[PDB]
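Scroll down for the structure; my scribbles are underneath it.
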4 protein chains.
Amino acid sequence: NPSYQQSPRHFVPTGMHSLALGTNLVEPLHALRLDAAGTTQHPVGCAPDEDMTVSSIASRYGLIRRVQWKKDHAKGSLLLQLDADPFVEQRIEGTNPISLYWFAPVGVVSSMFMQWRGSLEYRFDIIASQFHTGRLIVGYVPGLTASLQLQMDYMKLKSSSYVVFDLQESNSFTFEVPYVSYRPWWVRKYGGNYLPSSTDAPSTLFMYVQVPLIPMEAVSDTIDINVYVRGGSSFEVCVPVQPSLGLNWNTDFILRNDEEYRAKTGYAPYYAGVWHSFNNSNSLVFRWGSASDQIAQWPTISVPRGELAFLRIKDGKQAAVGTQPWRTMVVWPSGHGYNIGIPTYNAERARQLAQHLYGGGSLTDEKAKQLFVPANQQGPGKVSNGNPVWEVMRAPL
Amino acid sequence: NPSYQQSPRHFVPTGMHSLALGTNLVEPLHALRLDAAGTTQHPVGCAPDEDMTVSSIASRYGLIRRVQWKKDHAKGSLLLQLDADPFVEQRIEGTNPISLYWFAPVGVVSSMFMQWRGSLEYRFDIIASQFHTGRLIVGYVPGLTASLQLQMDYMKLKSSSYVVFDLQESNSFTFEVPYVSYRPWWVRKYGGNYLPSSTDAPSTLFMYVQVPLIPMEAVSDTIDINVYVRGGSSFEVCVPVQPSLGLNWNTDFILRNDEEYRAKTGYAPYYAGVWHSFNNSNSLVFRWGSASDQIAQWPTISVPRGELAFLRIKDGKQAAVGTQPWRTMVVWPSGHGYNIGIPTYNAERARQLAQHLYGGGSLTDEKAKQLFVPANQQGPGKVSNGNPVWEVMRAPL
Amino acid sequence: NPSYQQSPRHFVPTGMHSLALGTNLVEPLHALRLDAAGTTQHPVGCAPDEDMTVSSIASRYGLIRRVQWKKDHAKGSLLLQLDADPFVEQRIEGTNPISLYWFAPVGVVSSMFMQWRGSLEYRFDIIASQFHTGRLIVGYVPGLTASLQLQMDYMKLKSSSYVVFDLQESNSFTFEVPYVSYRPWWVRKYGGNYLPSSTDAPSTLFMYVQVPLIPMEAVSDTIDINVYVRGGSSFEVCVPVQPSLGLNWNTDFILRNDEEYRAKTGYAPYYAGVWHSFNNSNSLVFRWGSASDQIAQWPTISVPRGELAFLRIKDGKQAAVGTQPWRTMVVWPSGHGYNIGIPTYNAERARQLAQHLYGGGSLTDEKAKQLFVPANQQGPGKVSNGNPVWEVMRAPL
Amino acid sequence: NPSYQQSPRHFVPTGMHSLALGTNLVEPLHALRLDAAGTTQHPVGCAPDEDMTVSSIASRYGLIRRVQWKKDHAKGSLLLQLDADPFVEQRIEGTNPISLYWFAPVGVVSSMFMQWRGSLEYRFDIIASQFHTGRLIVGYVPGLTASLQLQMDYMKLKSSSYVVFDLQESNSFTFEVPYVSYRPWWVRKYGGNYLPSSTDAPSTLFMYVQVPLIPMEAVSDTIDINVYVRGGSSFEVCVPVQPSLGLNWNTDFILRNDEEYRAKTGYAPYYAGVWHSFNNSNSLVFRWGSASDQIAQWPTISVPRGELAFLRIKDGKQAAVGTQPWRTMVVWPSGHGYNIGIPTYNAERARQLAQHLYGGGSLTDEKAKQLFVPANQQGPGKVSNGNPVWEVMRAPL
């Protein structure tokens, strides 16, 4: 029967569709259901509750801070200076190297997006009797750079969009955080996984004490200020990219490869002690012996400009011991021809030291020497469990 | 210009269409004509004569038998007992191994089909003067098995659908063959190329002499009865399969591989002679010598149950010679510890012997010993041309 | 978004479309133009002149013959007997082996087609004064075989469709050539490139002198008859196949492989001379010496039945020399136990000899011995330039 | 469920679409956007300014020449004879080998196209007081070949389409350049990257001084004539091909391979000096020594006919030194059996010499010897930095 001899169709081979996209297009595949019209229905009992919207999430109010307000708080005093951006953290204590963090529903997103451009808000739940009275400030001042984040009083805050709250028989209030930028949308503050590919927050709000609290003798003077954060009337979200937040399921990291940071061969074990050449024996530094100038020599850490470095041990059950396990430390040259391991209280105090040494500083400055651990913390002076693994943390500065 | 980004089509690779089919579907290919609308037309002179129908063919009347009817034919006598099915043969004489056969247009088809289910008919052209008178019978008796094909008189035929024909001044007549089966359609009688995959005919018609002929002295007593066969009013045809008939162009067969049947090494040449141990020297058997018990020993033929075997030589110009070239023979064990070559008159007499030995018989039965070639046919007793090639024929039983 | 799970389409891979065809079908490809609607237009200045029709070409009148008509021409005489078919040649003089040929526009086509079936016509431009009078005949006699092309008078031509032309003050006339065949269309006379795949012309026309010319003393007695040929009112053309005509651009042929025809090793150089054993020294034959029976022995040419063979040298600047370069020759056995090189005047006289020797003839016939070159043409008897290359020509007979 | 058994579709495999084209056709691909309807919109702020037309560009007036007109300019004098074609250059000074060039917006296109066919125009901005008066000519004379570009007065220009401009209190004027060709469109003058594939300009305009300037004592006598060029009312553009202009970003060229032109092994270092056999010591030529006939022998440059060759050094900080770094030179045979390095002032004077030596000239002609560098330019005669790399330039002639 008849020959279709007219020229056949043309066609250009691809291999697979489609790791993107999925907004509006029909995706053909091989369904393992028995039917070609097999789409699951949702019965009256199997009710579709949500409402799976980026907005739906960025509207729940998640806790993020808790400030203790006291009568002792001066007329001129601040309570929190937390960042006005969705990527506002809350560190949770312990214990493994990488520290876990609390994040509002407006934190988990846009952890998935690049830009946001939104308006936000903070609910300040002030647990208070009717016999507690005070006044709090709160001001979104755009253009808060690094150094300029200090040099900040409650008076210059009154220069930008700010609010004062009177509390007698009305506990909480909600401040909507304005969005002042030169840029339409706002890129990630935390960019994962990439160090220099992360731009700071557009601004921050503070909560000063406009008027100190006056508590009558039958109600306590200290009071908790719980703080919640959610996307405001128009927190927008722009473009899906690599998430900046991880699981909570398996908080492990197989240390490649095997570039585990640990003391130079021969400097083990090592306890926290003192040294006449390190702040005149007034602060703790790792020593591999009790004799003359036996200070633990540590490998040099090659860090690219615009970053900082410190150390957190893998197992706390192998760290050197004083009054507490020195799980955190900072590494910097000692001038006597090597690098020394300087134990810190916690990761924050190790970071802050890296913010000052990599910020083009010295060791004999008062700003750094107030982050060094005092020598009365040396404790029983237990040595480590050999030369346990430390991992090198990284952060922009 | 705009991007068609919606998911591309799916598709499942095959390599070729289509060794079947061709009833109603458009077949795309690469035509070597100059035009994409190139279909040959058939002018008024280039008239399309046929009418290419399976029916068109099974309506022409082809000859198939010739019976000589004589006054000497008794009141109780048969003329032909040919098979009532489209696969009705007519052997043509000579000469090569595989014998050629004549087949009506209703024979060549359904040689291509598996089943037929049709009604057929036979034109009995009786060449006769007006001074010849007689009466013939013809009856389609369904259910004619092997043994029951004999034990058949003209009287029990009158029990099934039968017809009697009076002839004075009316020569020929046409009998339409009924179709009585349990099966709707009827599978091939000859299945090629496959031995046990062939089922016998549903029934057969006979042509007895109801009344012997009475010829006046000026017209001869013997008369020819030509017989033709064609598909009747409703010879149907069911399903195309492997043809059971071959060419006529090149009637050769390259003998594989090279399993040519021939006498055991050392029994050559061999002439037809007699043997005191083979029907008491009353019949011909191949001998490789004239001395004591020099009987040609032949290889054993492994035949599967439901089949029979005999032999036809390749070249008649190499066969043993008596009164005629013994081109046909049958092989069976001799009891004296080997198999003997028993020459037959023709292929039919070799088959009929295989119908009796493979039909669970013996050699000392009268039914077989009337198929053995008499010893006065030994002739000048020419030896063969060495040990020429025989080929082993096969047929169901 | 929704799953197109219904079975994908089927499809049968080919690799390329389409070396044919191109009458009416859309051909998809990759056009290198910047646009997907890029089809060149033809402006008013860039006018499309032709009219590219097979008919358009087979309507121009191209010259093909020139006959000199003279008063001396008898009452019974012929002027040209050229072939009545589109493949009518006109050899042009010189010089390389393969001779060039002139062909009318109705010659170049159907050199591309297999069959033609057409009616043709010849314009006989007779350059004549008004003081020249004569009468010419012209007759298309179908069925002109080889031998029957002679045995042809102007009288038996008057038996077929023929025409007589009176000329006083009317020079030229046009005769339309009828088409009488048993076959609808007419296959190629010249089939390239294939020797036995070429069937002769259906017939031919002649131009006899019905009445000799009578020229008064002040106008010359010889007169030119120019002859033109073009497709007539209905020269049809049937089916495109391999062209039977070549270029004119590069008239070379790299001689494979390297089967160049040349004398047997040791018979070089060789001049044209005479031999007592070759027409009793009355004709030229190639000799490799001046002494007893030094005749050039040439390789045997294996020619299939229905063909003929002769020789044309590659370079005329290497041929043997007499009165002219013997560039053409024929090869045939000499009876004295070898084959001899017999130089001819030209290629036509070499072909005509092959038409007589391969036409089952001998060497001692008068028909062949009038094609042999006379011995007074031996000239200064220059030897060849060694054993230069000859190539073996082929033609059907 | 039912079988689609009808013959599947045919189809012819390609691999990729489509390096061309993109006028009007839908291009399917794999878009990395999240949506299948993702086409970027252009907001009211993100306004689409241009208007991206080949015309839009060839309408801006870019500077190309600056002529200083002076009272001293005679009644018969020319000011510029620049080429009337879009590929009109303006060399910018320095410094690397390949010299950079200034090009109008009507220069950058059609640097991308093959042909143009357009009408053009020149704005002659004449910075002048009202106390300056003069008259300028300007004439597009088609058919200006090489030699005929000189032998050109302001009088024969008045023979072709020409214009005279009166200036008192009206500074500038605009002359629209006519387009007179035999060819509809006009192919590239500069064809990149291919030497002989570039045809010269169709014609040129000149700007003679019809009437010398008459400046009163309180306004200066010399005056700047800035010249701009843009596509006129109908500068057309024909067909996109390889650009004849490069980047400006990275003006480097990795010298293949490594066929860097430099003096023959042993002729290093080499300073510019004089030679009694080179214009009788009146001009500079490279010498590898101060003694008898120590002239730098240079490799022969194989240049195809229709081209010329000279040399520009890679680093000027390695060239031989006189009054200036001899960064440019020409190479030609010296007759004393080798080729000599003849330093020139600049690249133009090296080209012009190649225009005269490759223009079938000699060395002892006055036309060439006025391009040779005088011997008072030999300077302190610093030698080179070894045998630094020169690269061989090429241009048609």
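For the structure tokens, the naming scheme is as follows: chains receive sequential letters (A, B, ...) according to their order of presentation, residues are indexed from 1 within each chain, and ligands are indexed from 1 in presentation order.
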Sort by chain and increasing residue number a table of all residues of chain D within 9 Å of chain A, each with its closest pair of atoms and their distance in Å to one decimal, counting only C-alpha atoms, and write it as a tab-separated table.
```
residue	atom	partner	partner_atom	distance
D:9	CA	A:8	CA	7.5
D:10	CA	A:8	CA	5.0
D:11	CA	A:8	CA	4.7
D:12	CA	A:10	CA	5.5
D:13	CA	A:11	CA	6.1
D:14	CA	A:12	CA	5.7
D:15	CA	A:12	CA	5.5
D:16	CA	A:12	CA	5.7
D:17	CA	A:12	CA	6.9
D:30	CA	A:18	CA	7.8
D:31	CA	A:20	CA	7.5
D:32	CA	A:20	CA	6.1
D:33	CA	A:21	CA	6.8
D:34	CA	A:21	CA	4.9
D:35	CA	A:23	CA	4.9
D:36	CA	A:24	CA	5.8
D:37	CA	A:24	CA	7.4
```
Selected residues, C-alpha atoms, written as a PDB file, in the first residue's frame, please.
```pdb
ATOM      1  CA  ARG D   9       7.496   7.743  10.860  1.00  0.00           C
ATOM      2  CA  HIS D  10      10.717   8.252   8.906  1.00  0.00           C
ATOM      3  CA  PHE D  11      13.452  10.643  10.080  1.00  0.00           C
ATOM      4  CA  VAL D  12      16.974  11.830   9.149  1.00  0.00           C
ATOM      5  CA  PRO D  13      19.562  12.280  11.980  1.00  0.00           C
ATOM      6  CA  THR D  14      21.445  15.498  12.422  1.00  0.00           C
ATOM      7  CA  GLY D  15      23.529  16.341  15.468  1.00  0.00           C
ATOM      8  CA  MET D  16      23.034  20.015  16.162  1.00  0.00           C
ATOM      9  CA  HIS D  17      21.062  23.098  15.276  1.00  0.00           C
ATOM     10  CA  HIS D  30      17.598  23.315  27.466  1.00  0.00           C
ATOM     11  CA  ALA D  31      16.971  26.507  29.422  1.00  0.00           C
ATOM     12  CA  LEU D  32      18.435  26.646  32.925  1.00  0.00           C
ATOM     13  CA  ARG D  33      15.662  28.921  34.163  1.00  0.00           C
ATOM     14  CA  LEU D  34      13.099  27.400  36.543  1.00  0.00           C
ATOM     15  CA  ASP D  35      10.231  28.117  34.156  1.00  0.00           C
ATOM     16  CA  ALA D  36       9.170  27.113  30.623  1.00  0.00           C
ATOM     17  CA  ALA D  37       7.781  30.583  30.110  1.00  0.00           C
TER      18      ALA D  37
END
```
Every residue of stretch 23-67 of chain D that DSSP places in alpha helix (DSSP H), as number ranges by chain: D: 54-57
Once you have the residues from the selection above, write them out as a compact mmCIF listing (two decimals), in the first residue's frame, restricted to C-alpha atoms.
```
# COMPACT_ATOMS: atom_id res chain seq x y z
CA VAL D 54 23.04 48.83 11.64
CA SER D 55 21.58 52.20 10.67
CA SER D 56 21.45 53.47 14.26
CA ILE D 57 25.22 53.06 14.42
```
If we count only C-alpha atoms and set the cut-off at 12 Å, which residues sit around residue C:124, ignoring sequence neighbours fewer than 4 positions away in its own chain? Please answer as number ranges by chain. C: 61-67, 79-80, 128, 136-138, 165, 167, 170-176, 206-207, 224-230
Would you export the selected residues with C-alpha atoms as a CSV table (one decimal), in the first residue's frame, please?
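And here is the file that came out, result_15.csv:
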```csv
chain,number,residue,atom,x,y,z
C,61,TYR,CA,18.7,24.4,-34.8
C,62,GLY,CA,22.3,23.2,-34.6
C,63,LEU,CA,24.5,22.5,-37.6
C,64,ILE,CA,25.5,18.8,-38.1
C,65,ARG,CA,26.5,18.3,-41.8
C,66,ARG,CA,27.8,20.1,-44.9
C,67,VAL,CA,27.3,18.4,-48.3
C,79,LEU,CA,24.6,13.1,-50.9
C,80,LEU,CA,24.3,12.1,-47.2
C,128,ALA,CA,22.2,28.7,-54.1
C,136,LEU,CA,16.6,16.6,-53.9
C,137,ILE,CA,15.0,13.6,-52.2
C,138,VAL,CA,14.7,12.7,-48.5
C,165,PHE,CA,12.4,19.6,-53.4
C,167,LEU,CA,14.9,24.9,-56.1
C,170,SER,CA,13.9,29.3,-53.0
C,171,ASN,CA,17.0,28.0,-51.3
C,172,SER,CA,16.3,26.0,-48.1
C,173,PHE,CA,13.5,23.7,-46.9
C,174,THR,CA,12.7,21.7,-43.8
C,175,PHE,CA,11.9,18.0,-43.7
C,176,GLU,CA,10.1,16.7,-40.6
C,206,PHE,CA,19.0,9.9,-47.0
C,207,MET,CA,19.3,12.9,-49.4
C,224,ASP,CA,27.3,23.8,-50.3
C,225,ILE,CA,24.4,22.0,-48.6
C,226,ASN,CA,24.5,22.9,-44.9
C,227,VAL,CA,22.4,20.6,-42.7
C,228,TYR,CA,20.8,21.5,-39.3
C,229,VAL,CA,19.0,19.2,-36.8
C,230,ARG,CA,16.5,19.9,-34.0
```
Taking the DSSP secondary structure from the backbone, can you list the residues of stretch 85-155 of chain C that are strand (DSSP E), as a ChimeraX atom specification? /C:120-126,134-142
Please produce an output containing C-alpha atoms for each residue in the selection, written as a PDB file, in the first residue's frame.
```
ATOM      1  CA  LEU C 120      12.380  15.231 -35.491  1.00  0.00           C
ATOM      2  CA  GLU C 121      13.224  17.537 -38.390  1.00  0.00           C
ATOM      3  CA  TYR C 122      16.088  18.657 -40.632  1.00  0.00           C
ATOM      4  CA  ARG C 123      16.590  22.093 -42.114  1.00  0.00           C
ATOM      5  CA  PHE C 124      18.482  21.750 -45.402  1.00  0.00           C
ATOM      6  CA  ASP C 125      19.974  25.194 -45.985  1.00  0.00           C
ATOM      7  CA  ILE C 126      20.895  25.169 -49.666  1.00  0.00           C
ATOM      8  CA  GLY C 134      17.848  20.940 -58.948  1.00  0.00           C
ATOM      9  CA  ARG C 135      15.748  18.414 -57.064  1.00  0.00           C
ATOM     10  CA  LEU C 136      16.649  16.591 -53.858  1.00  0.00           C
ATOM     11  CA  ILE C 137      15.038  13.569 -52.192  1.00  0.00           C
ATOM     12  CA  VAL C 138      14.715  12.728 -48.525  1.00  0.00           C
ATOM     13  CA  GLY C 139      13.128   9.618 -47.046  1.00  0.00           C
ATOM     14  CA  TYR C 140      12.716   8.139 -43.578  1.00  0.00           C
ATOM     15  CA  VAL C 141      12.718   4.379 -44.175  1.00  0.00           C
ATOM     16  CA  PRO C 142      12.160   2.501 -40.925  1.00  0.00           C
TER      17      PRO C 142
END
```
Name all residues at most 9 Å from stretch 260-273 of chain C (count only C-alpha atoms; drop same-chain ones fewer than 3 positions away) and give them as a ChimeraX atom specification. /C:255-257,281,283-290,294-299,311,313,319-322,326,341-343,375,377-379,381-392
Contacts of residue B:362 within 12 Å, only C-alpha atoms, excl. fewer than 4 positions in-chain, as a PyMOL selection string: chain B and resi 279+332-335+353-358+366-369
To one decimal place, how far is atom CA of residue A:164 from atom CA of residue A:214 in Å? 16.7 Å
Calculated over only C-alpha atoms, which of the candidates D:337, D:196, D:243, D:325 has the smallest distance to residue D:306?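 Using only C-alpha atoms, the shortest distance to residue D:306 belongs to D:196.
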Excluding stretch 110-112 of chain B and residues on its chain fewer than 4 positions from it, collect all residues at most 8 Å away from it, counting only C-alpha atoms, and give them as a list in words.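 Once the nearby chain positions are removed, what remains is residues 86, 87, 106, 116, 188, 237, 240, 241, 242, 243, 244 and 245 of chain B.
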Of B:204, B:310, B:118, B:347, the one nearest to residue B:145 when counting only C-alpha atoms is B:204
Please report the interatomic distance between atom CA of residue D:300 and atom CA of residue D:365 in Å with one decimal.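 Between atom CA of residue D:300 and atom CA of residue D:365 the gap works out to 21.8 Å.
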Which value, in Å to one decimal, gives the distance between atom CA of residue B:93 and atom CA of residue B:81? 20.3 Å
